[PDB]
Amino acid sequence: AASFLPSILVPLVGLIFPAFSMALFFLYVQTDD
Amino acid sequence: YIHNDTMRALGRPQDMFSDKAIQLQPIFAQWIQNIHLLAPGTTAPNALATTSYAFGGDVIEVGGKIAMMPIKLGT
Amino acid sequence: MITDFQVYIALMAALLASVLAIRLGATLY
Amino acid sequence: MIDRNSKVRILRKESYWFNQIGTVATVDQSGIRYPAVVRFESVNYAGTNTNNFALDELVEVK
Amino acid sequence: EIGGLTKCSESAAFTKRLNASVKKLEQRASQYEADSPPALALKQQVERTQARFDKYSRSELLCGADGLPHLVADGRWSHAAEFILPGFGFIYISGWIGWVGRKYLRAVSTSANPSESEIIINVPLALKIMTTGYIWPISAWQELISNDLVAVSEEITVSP
Amino acid sequence: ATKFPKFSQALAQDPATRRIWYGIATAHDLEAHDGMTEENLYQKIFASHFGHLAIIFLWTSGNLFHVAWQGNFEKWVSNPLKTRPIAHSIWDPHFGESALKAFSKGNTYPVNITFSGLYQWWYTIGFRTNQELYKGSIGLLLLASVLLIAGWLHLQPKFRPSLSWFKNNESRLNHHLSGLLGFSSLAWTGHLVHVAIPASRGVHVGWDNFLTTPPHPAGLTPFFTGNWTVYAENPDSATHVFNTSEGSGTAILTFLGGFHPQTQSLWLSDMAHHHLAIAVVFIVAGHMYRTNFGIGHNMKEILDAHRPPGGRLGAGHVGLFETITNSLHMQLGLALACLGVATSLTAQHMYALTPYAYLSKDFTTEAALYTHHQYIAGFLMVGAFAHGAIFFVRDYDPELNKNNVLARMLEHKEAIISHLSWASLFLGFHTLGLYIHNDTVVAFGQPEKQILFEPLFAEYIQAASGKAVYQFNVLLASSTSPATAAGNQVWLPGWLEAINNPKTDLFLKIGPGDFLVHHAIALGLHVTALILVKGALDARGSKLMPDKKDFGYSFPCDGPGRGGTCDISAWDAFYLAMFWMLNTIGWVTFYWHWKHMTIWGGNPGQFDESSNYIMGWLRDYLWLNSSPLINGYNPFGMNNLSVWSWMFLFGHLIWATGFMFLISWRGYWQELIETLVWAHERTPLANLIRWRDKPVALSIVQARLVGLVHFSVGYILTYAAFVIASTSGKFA
Amino acid sequence: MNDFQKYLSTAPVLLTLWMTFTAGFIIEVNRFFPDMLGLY
Amino acid sequence: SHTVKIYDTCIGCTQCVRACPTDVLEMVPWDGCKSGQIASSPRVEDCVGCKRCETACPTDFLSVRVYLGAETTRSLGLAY
Ligand code: CLA
Ligand code: CLA
Ligand code: CLA
Ligand code: CLA
Ligand code: CLA
Ligand code: CLA
Ligand SMILES: CCCCCCCCCCCCCCCC(=O)OC[C@H](COP(=O)(O)OC[C@@H](O)CO)OC(=O)CCCCCCCCCCCCCCC
Ligand SMILES: CC(=O)O[C@H]1CC(C)(C)C(=C=C/C(C)=C/C=C\C(C)=C/C=C\C=C(C)\C=C\C=C(/C)C(=O)C[C@@]23O[C@]2(C)C[C@@H](O)CC3(C)C)[C@](C)(O)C1
Ligand SMILES: CC1=C(/C=C/C(C)=C/C=C/C(C)=C/C=C/C=C(C)/C=C/C=C(C)/C=C/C2=C(C)CCCC2(C)C)C(C)(C)CCC1
Ligand SMILES: CC1=C(C/C=C(\C)CCC[C@H](C)CCC[C@H](C)CCCC(C)C)C(=O)c2ccccc2C1=O
Ligand code: SF4
């Protein structure tokens with residue numbers, strides 16, 4: 001059901017996504033090509 | 001303070017640091033107050049009353065207005 | 001009333017935009 | 001003409017005293033790049049009242 | 001009237017304000033008594049209040065709905081007392097001050113120490129120069145047409 | 001480079017944390033990147049624009065989707081004046097049961113009420129069902145994808161446009177004026193005539209029947225025959241109920257003037273006619289420049305020939321053509337300036353000539369929209385002047401523009417700056433002085449001694465258009481005026497009704513109180529301008545630093561010598577002007593809100609009398625109308641205004657935090673950071689972990705930027721809460 | 001005397017005296033002609 | 001790191017080289033001035049950007065100009 005989507009996506013968008021993005025930026029700025 | 005503000009705004013008053021919830025009492029100060037209140041006649045035998053009514057005692061009123069009263073300490 | 005299928009279709013479209021966005025970003029890089 | 005005690009107007013755009021009048025103190029004759037030494041009555045943002053200029057940067061006023 | 005306003009002499013709100021103001025002072029005076037210094041003062045104050053409102057009433061001031069005087073400044077000479085006439089006063093006095101100041105600065109500029117005379121004013125000279133400003137309008141115009149007021153690109157300018 | 005700032009070796013080889021900070025903030029200055037050719041610059045910018053467009057469309061798609069999936073549009077359509085529009089739903093795991101109930105008031109699930117005005121706009125344009133909104137969102141998602149593809153395509157080797165294509169001014173202007181603006185307007189009038197107007201009268205015209213439902217009974221016969229008057233006959237009656245056929249008409253193009261009686265908004269037929277006329281004007285104007293067909297004007301020639309014979313303007317406009325074509329910064333400045341004026345106009349004209357139905361009755365939304373556009377306008381204005389300065393420092397060629405109109409501006413720079421200064425001083429001293437006089441006399445209990453000037457000039461203008469209260473018998477306010485006779489049988493009938501109706505915002509009544517506030521706004525504009533203009537003119541050099549052009553647009557300072565040279569760069573002018581911009585916009589927004597608040601509340605007198613002195617603003621506006629907001633959450637409970645209450649306090653925090661960066665400078669912090677480094681290196685266990693980027697304090701300019709951002713964000717956020725909670729809490 | 005007069009001729013001192021005089025005359029005018037918002 | 005340039009308006013007062021906190025400037029022989037000396041910046045790799053040198057110059061406009069640029073450990077004065 002689509003109604004369950006708010007409770008399945010918000011946890012991901014506000015927690016999982018930001019974390020991985022920040023991690024990637026760190027790895028990108030800490031690397032010496 | 002910020003914690004409490006957020007909690008009250010989110011409708012969760014039971015999670016605040018208050019005297020009606022999680023409480024942070026000033027135990028040390030409360031203790032000293034009692035010591036000073038009971039001093040007259042004990043640790044200060046020749047005295048007749050508390051140095052200040054703030055520590056404890058009765059309410060001194062002059063002209064229908066309160067001059068001094070015990071000041072209590074809480075969260 | 002937006003049906004579940006309709007909502008799911010929208011999500012699929014969004015995914016296409018995302019993949020096409022990464023490429024544009026990587027092409028500008 | 002530029003000469004001792006002559007009064008001239010500065011023509012160096014970078015000078016604090018551009019388009020202003022100064023008095024030539026001495027003009028060196030040894031071939032230095034900026035021979036004339038002009039003195040002003042107003043201090044610059046640094047507090048100096050003198051600077052050395054070339055003859056072309058100075059026009060006699062009288 | 002201009003702007004839909006009403007003359008203050010014919011505005012009920014204006015009168016209501018007057019009555020109310022006086023009443024307040026009188027109520028206060030009641031507490032004090034007879035020739036008590038406090039009462040006499042309050043009594044004198046009401047007189048001034050009554051006078052002020054009366055003056056405004058006899059004037060040509062136009063009041064609004066609030067019963068407060070509103071000033072007109074569009075150039076009409078009917079209400080010149082409100083802005084034009086007082087305006088001339090400011091211009092005359094201001095010009096006087098500016099003119100005399102410029103005169104003194106230029107005068108002491110050629111002295112032995114032009115900077116000492118700015119921190120320690122030569123009172124005698126200043127007074128003389130100050131008195132000569134009553135005809136500043138004439139002097140200024142004369143100086144303009146004599147090319148002695150405005151300078152000519154012989155002044156310092158920025159690099160660009 | 002081989003580090004984060006690939007576009008800068010200098011930053012890349014930096015051993016500190018600055019490398020990261022600066023790389024992020026110098027990312028979009030493509031012109032300064034290492035190894036940048038003009039061709040590449042243009043190509044990358046073009047592609048970046050495609051991406052921006054896509055973001056805008058995705059944003060619009062989301063609003064439609066969320067309103068359609070979680071909103072109450074259809075219910076609102078049924079009862080527009082008794083339903084609160086919903087934006088999106090709320091799923092916060094931190095909420096308490098009480099909050100779930102409070103925010104779910106009026107509905108069955110926690111929700112946020114929209115103050116963006118989308119419902120009214122969509123209702124007016126024709127939307128009636130949620131399914132329709134869904135289709136729109138899906139379409140925009142698709143368009144967004146197409147735009148992203150274009151960005152990639154034009155960065156490919158065989159599709160990268162040439163530098164010449166990017167500099168063909170004539171073709172672009174012709175196309176943009178005739179097609180982007182002209183034909184688009186023609187298309188819009190088509191929609192209004194085919195879909196919107198029918199809907200207002202109760203008929204449904206959609207993709208299902210548009211090809212078989214003629215917009216007008218006569219057909220296109222009158223159009224081609226020349227009998228255009230037919231399309232203006234039978235306008236909707238004054239008893240027409242919107243969204244229904246009762247009292248409807250058949251007219252499609254008219255010039256009635258005024259507002260629909262029931263919706264209190266502009267007639268749709270008039271808007272259609274408006275766009276049709278604008279269309280023709282733009283389409284004709286788009287045929288002015290030469291574009292490979294022989295006919296047309298050459299812009300360079302036009303500019304060169306315009307030199308006043310008297311010589312008062314020097315050599316005229318010769319040389320400007322090359323300067324503009326070869327400078328992207330000047331182009332951006334010109335654009336931002338014009339858009340800034342447009343945004344302000346939208347705000348000013350949209351609250352008076354209400355364009356959408358039942359928008360006037362939604363007080364909170366009306367308030368938000370005005371403050372929104374006015375603030376955006378300020379930012380857009382400041383940016384224009386900023387890029388103008390960047391131009392002088394980077395792209396100005398002194399030789400090309402010899403005795404040009406532009407060069408001569410930089411010749412009398414002192415005159416301009418000095419006179420602008422005088423204006424600011426005059427306005428400042430007297431405006432403040434008069435306010436303080438009024439405050440003192442009132443405080444002493446003598447309000448009758450206040451200096452209140454009537455705004456006669458403005459009142460005259462209002463009368464000139466028909467207002468009668470002021471009693472100035474002039475122009476349209478005069479029955480014998482030639483002007484009245486002209487439009488008495490055209491558009492005046494309807495206009496003269498609205499302008500003379502006290503329950504409309506068309507030319508609101510003005511009084512002594514408005515005089516003062518207007519002069520304060522004047523001070524703001526003049527002083528903000530002074531800072532910005534000075535920055536631009538004194539960007540290439542000054543007496544303190546005659547070689548400023550060699551250091552750039554933004555540099556920390558020039559040292560503690562020559563008296564001290566702090567904040568001497570042009571960037572600093574932008575920094576200083578931002579504060580004034582916020583102040584002036586604040587004054588403007590405060591004025592609009594308070595005036596309207598009193599009007600809506602039914603006591604216009606409060607503003608009329610208390611606006612004359614400062615205490616009134618503080619007590620009768622800020623203090624009085626803050627009661628609903630500060631009680632969003634109290635020791636006794638909470639309501640739907642809790643979120644707004646919390647944000648208000650949040651704003652204050654950010655604003656004050658900004659002060660730290662503005663007043664405290666680097667030296668102190670650098671020394672403190674050094675001590676912290678010592679500790680980490682000397683504390684066992686933590687010694688195991690170490691940094692790879694030396695920890696250092698923020699730079700001088702960086703701190704200024706950070707501080708300005710904190711100040712700005714807090715400023716906007718705090719007012720946003722007030723304007724919304726105060727209006728909604730009292731009238732909603 | 002001469003030296004004291006010079007001190008009295010200093011900028012700060014003269015300003016104070018002049019402003020006191022100016023303030024005084026303005027106050028005195030209002031004392032005798034009070035409450036005016038226009039030349040009558 | 002930073003760039004220091006000397007111009008022909010120098011008078012060989014030596015004040016600049018006596019003010020540098022990191023020995024970046026030197027006095028070299030020259031014939032364009034009466035003093036017969038001009039300033040040079042042989043070791044700009046140690047310039048911290050203090051601009052004390054500029055503050056010491058007596059010429060109308062600085063004959064010694066410091067243009068701040070790329071930053072290194074030395075230029076950022078980092079002892080850590
Ligand atoms: C930029 C537009 C935008 C914005 C700000 C939001 C905002 C929100 N959406 Mg939403 N949404 C949008 C477009 C948008 N939507 C579109 C176009 C769709 C159709 C696919 C949806 C479908 C959707 C669903 C199904 C749900 C939300 C939900 C939510 C809420 C929680 C956030 C979340 O889980 O997102 C998740 C959103 C998605 C997975 C949709 C795809 C992501 C969009 C397309 C990103 C748009 C790109 C954007 C321009 C990037 C900006 C970058 C910029 C910052 C530099 C939040 C209010 C949730 C909710 O209601 O919570 C109560 C929820 O369950 N959205
Ligand atoms: C959209 C983002 C988001 C979401 C979904 C949540 C969700 C939650 N927060 Mg929260 N939070 C957020 C942003 C978010 N937060 C931010 C930005 C801040 C900083 C201001 C906080 C600060 C904050 C505090 C200070 C606290 C919470 C708490 C909570 C939990 C209260 C509900 C509950 O049942 O607790 C009961 C908890 C449970 C039933 C346990 C749930 C299982 C956990 C969450 C599994 C986590 C595993 C996860 C995958 C690991 C991440 C891996 C990484 C790669 C991302 C809930 C899970 C409270 C809590 O208890 O935290 C857990 C709490 O004390 N939050
Ligand atoms: C009598 C002296 C004098 C005179 C004639 C002028 C004349 C002028 N000034 Mg100036 N000014 C002065 C003193 C003076 N200034 C002083 C002392 C200051 C420092 C506070 C300034 C600061 C100043 C600024 C910041 C600006 C001007 C501007 C202007 C011009 C427009 C007029 C104006 O608005 O003035 C306004 C003047 C003031 C606000 C200064 C206050 C009034 C002073 C203190 C009166 C001085 C009287 C003096 C002490 C009497 C002693 C002499 C006595 C012994 C005989 C005009 C060329 C403006 C301009 O460039 O426009 C083109 C402008 O922006 N002036
Ligand atoms: C008819 C053909 C046509 C059309 C429709 C367009 C359309 C467009 N071009 Mg374009 N272009 C064309 C031909 C055309 N071009 C040709 C032939 C060339 C080669 C010479 C170019 C070269 C070109 C470049 C190089 C660029 C564009 C860009 C753009 C886009 C601008 C951004 C946008 O969406 O704003 C559309 C905005 C609106 C419709 C809103 C307009 C709002 C204004 C304010 C209305 C004003 C009304 C009125 C005047 C106000 C009255 C009040 C006033 C007095 C204050 C737009 C889609 C730019 C872009 O983004 O590319 C991706 C860009 O960089 N074009
Ligand atoms: C179409 C509009 C437009 C365009 C294309 C540009 C383009 C450009 N500008 Mg410009 N500008 C604009 C509008 C525009 N500007 C406006 C409106 C203003 C007025 C504010 C300015 C003011 C301005 C200045 C003062 C400067 C530029 C500069 C630049 C150039 C580099 C930008 C850069 O480095 O950013 C890189 C990327 C960033 C800075 C990221 C921005 C992060 C922002 C500041 C913070 C976000 C807000 C905050 C996080 C919100 C969180 C709140 C939350 C807690 C609720 C670039 C050519 C710079 C330059 O030197 O050009 C020569 C420069 O110095 N611009
Ligand atoms: C309350 C705060 C405040 C105030 C009052 C001012 C006031 C002023 N700022 Mg300012 N500013 C402020 C905050 C403030 N600033 C902040 C926070 C910033 C950071 C962005 C700036 C940045 C800034 C810049 C960048 C500039 C200014 C400028 C100015 C001046 C504009 C001209 C003017 O109004 O003349 C009138 C001034 C006043 C009314 C203020 C002083 C009033 C005193 C009390 C005298 C009152 C006299 C009274 C009328 C009676 C006189 C007669 C009596 C002697 C008998 C003015 C002095 C501009 C400037 O230099 O002016 C040309 C300018 O360029 N400001
Ligand atoms: C609003 C902000 C302005 C900035 C942008 C606009 C730029 C301003 C330039 C516009 C016109 C130029 C103005 C002067 C510059 C100027 O003098 O140029 C004079 C110019 C003519 O000179 P030209 O160089 O163009 O012609 C050369 C000759 O050889 C003609 O062939 O135009 C005029 O004749 C204007 C005269 C009419 C002015 C109308 C006056 C009517 C009332 C005003 C007077 C009131 C007095 C009251 C009595 C107390
Ligand atoms: C700076 C600037 O903007 O300048 C622009 C302005 C503008 C206007 C855009 C320009 C243009 C283009 C042109 C040529 C403009 C001129 C004129 C325009 C606007 C259009 C053309 C012809 C219309 C005709 C022939 C009429 C048909 C009309 C006919 C045949 C009829 O009357 C039908 C009708 O009779 C019946 C049969 C019976 C009657 O009972 C009912 C009527 C009377 C209605 C310019 C001049 O090029 C440059
Ligand atoms: C820095 C710089 C820059 C910029 C500039 C700017 C920003 C400007 C602005 C400007 C502006 C912002 C302007 C405005 C204007 C306005 C106007 C010009 C108006 C007018 C008006 C008129 C003309 C009239 C009208 C009317 C009518 C129509 C009718 C009757 C009534 C009246 C009133 C309404 C650039 C980049 C270029 C570069 C160089 C430098
Ligand atoms: C507090 C303060 C600092 C110190 C402030 C600092 C160091 C901010 C540090 C915290 C911010 C939030 C950066 C922290 C970033 C995290 C460590 C995560 C970084 C991850 C990277 C991949 C980006 C200054 O450097 C300064 C300089 C000039 C004038 C005033 C001041 C000033 O007031
Ligand atoms: S920024 Fe630093 S070096 Fe420059 S003037 Fe200010 S205090 Fe001196």
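Reading guide: rules and limits
- Residues numbered from 1 in each chain as written, not as in the entry; some residues may be left out.
- Chains lettered and ligands numbered in written order.
- Part of a larger assembly, values for the part shown.
- Heavy atoms only, no water.
- UniProt positions renumbered as here; feature names shortened; annotations may be inferred.
- Donors = N, O, S within 2.8 Å, 3.2 Å for Na, K, Ca; no water.
- Helix = DSSP H or I, 4+ residues; strand = E, 2+ residues; numbered from the N terminus.
- Contact = heavy atoms within 4.5 Å.
- Near = heavy atom within 4 Å.
- Polar contact = N/O pair within 3.5 Å; in protein donor to acceptor, adjacent residues only side chain to side chain.
- Nonpolar A, V, L, I, M, F, W, Y, C, P; charged D, E, K, R; others polar.
- Core = buried A, V, L, I, M, F, W, Y, C linked by side-chain atoms within 4.5 Å.
- Buried < 20%, exposed > 50% of the residue type's maximum accessible area, 1.4 Å probe, protein only.
- Buried area = accessible area lost by both parts, 1.4 Å probe.
- Salt bridge = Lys/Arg side-chain N within 4 Å of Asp/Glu carboxyl O.
- 1 Å grid on protein atoms, 1.4 Å probe; cavity = no way out; pocket = protein on both sides within 12 Å on 5 of 7 lines; lining within 4 Å.
- Points joined across faces, edges and corners; volume = space filled by probe spheres on them.

Its PDB record attributes the structure to cryo-EM, giving the resolution as 3.20 Å.

Looking at the PDB entry, chain G carries the name Photosystem I reaction center subunit IX, with the source organism given as Thalassiosira pseudonana CCMP1335. Listed in UniProt under the heading Function, the comment for chain G reads: "May help in the organization of the PsaE and PsaF subunits." Checking UniProt for chain G, the heading Sequence similarities contains the comment "Belongs to the PsaJ family."

Within the PDB entry, the label attached to chain D reads Photosystem I reaction center subunit IV, and the organism entered is Thalassiosira pseudonana CCMP1335. Per UniProt, chain D has the following entry under Sequence similarities (unreviewed entry): "Belongs to the PsaE family." According to the UniProt record, the Function (unreviewed entry) comment for chain D is "Stabilizes the interaction between PsaC and the PSI core, assists the docking of the ferredoxin to PSI and interacts with ferredoxin-NADP oxidoreductase."

Caption draft 1: Representation of the coordination of the magnesium atom of ligand 5 in the model. The sole protein-derived ligand of the magnesium atom of ligand 5 is F:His387 (NE2), positioned 2.6 Å away. Its location among the elements puts F:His387 in helix 15 (residues 363-394).

Caption draft 2: Seen up close, the arrangement of the chains. Counting contacts across all 11 pairs of chains that touch, the top-ranked interface belongs to chains E and F. One thing to see here is that chain B and chain E don't touch, and their nearest C-alpha atoms sit 23 Å from each other. No part of chain C reaches chain E; the closest C-alpha pair between them is 39 Å apart.

Caption draft 3: Spotlight on the site of ligand 5. Residue and element names in this part refer to chain F. Not every one of the 14 residues close to ligand 5 is listed here, only the nearest: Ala25, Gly383, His387, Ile390 and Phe574. One nitrogen or oxygen atom from the main chain of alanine 25 is found 2.7 Å from an oxygen atom belonging to ligand 5. Here a nitrogen atom of ligand 5 and a side-chain polar atom of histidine 387 are 3.2 Å apart. Only helix 2 (18-25), helix 14 (328-352), helix 15 and helix 22 (570-601) provide two or more residues apiece to the shell around ligand 5. No other element matches the 5 residues that helix 15 contributes to the shell around ligand 5. For the shell around ligand 5, the residue count by class is 8 nonpolar, 4 polar and 2 charged.

Caption draft 4: Representation of the site of ligand 6 in the model. All names here are of chain F. Residues in contact with ligand 6, as listed here, are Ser421, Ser424, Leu425, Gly428, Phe429, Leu432, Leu523, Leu530, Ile531, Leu576, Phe579 and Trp580. Contact distances for ligand 6 include 3.1 Å between a nitrogen atom and a side-chain N or O atom of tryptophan 580. Within the residue set of the shell around ligand 6, elements represented by two or more residues are helix 17 (413-443), helix 21 (512-537) and helix 22. Among the elements that make up the shell around ligand 6, the one with the highest residue count is helix 17 (6 residues). A per-class count over the shell around ligand 6 returns 9 nonpolar, 3 polar and no charged.

Caption draft 5: Spatial organisation of the nonpolar core. With 45 residues, the main nonpolar core has F:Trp617 and F:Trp644 as its most contacted residues. Broken down by element, the residue count for this core peaks at 12 residues, all from helix 22 of chain F. Not counting residues within four places of it along the chain, the set of residues in contact with F:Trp617 comprises F:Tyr435, F:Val517, F:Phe590, F:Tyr591, F:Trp594, F:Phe607, F:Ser610, F:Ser611 and F:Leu622. By size, the runner-up hydrophobic cluster in this structure holds 38 residues, among which are C:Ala10, F:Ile86, F:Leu141 and F:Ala196.

Caption draft 6: Representation of the interface of chain F and chain E. Contact with chain F, which involves 25 residues of that partner, is made by 23 residues of chain E. Taken together, both faces of the contact between chain F and chain E bury some 2100 Å²; the carbon and sulfur share is 62%. Our count for the contact surface shared by chain F and chain E stands at 1 salt bridge. A salt bridge links E:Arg52 to F:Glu448; its shortest N-O distance comes to 2.7 Å. Inspection of the chain F/chain E interface yields 9 residue pairs in polar contact. With 3 residues, helix 18 (residues 456-464) of chain F is the single largest residue contributor to the side of chain F that touches chain E. Counted by class, the side of chain F that touches chain E contains 12 nonpolar, 5 polar and 8 charged residues.

Caption draft 7: Spatial organisation of unusual backbone geometry. Residue and element names in this part refer to chain F. Here the phi dihedral of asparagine 234 falls at roughly 60°; this positive angle occurs in a residue that is not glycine. A relative accessible area of 40% places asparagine 234 in the partly exposed class. Unlike most non-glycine residues, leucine 475 shows phi in positive territory, near 45°. Residue placement: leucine 475 occurs in the loop between helix 18 and helix 19 (482-487). When its relative accessible area of 45% is taken as the criterion, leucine 475 is described as partly exposed.

Caption draft 8: Seen up close, empty space enclosed by the protein. All names here are of chain F. Scanning the model with the defined rule gives 6 cavities of 30 Å³ or more in all. In this structure, the largest cavity spans a volume of roughly 180 Å³. What lines the largest cavity is a set of 20 residues, among which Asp236, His260, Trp267, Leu268 and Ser269 lie closest to the centre. At the level of secondary structure, the elements contributing two or more residues to the lining of the largest cavity comprise helix 9 (169-200) and helix 11 (268-285). Residue classes in the lining of the largest cavity are distributed as 10 nonpolar, 8 polar and 2 charged. Each pocket or cavity is described by its volume, and for the second largest cavity that value is around 90 Å³. Contributing to the lining of the second largest cavity are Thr346, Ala347, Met350, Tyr351, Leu359, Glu366, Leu369, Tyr370 and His373.

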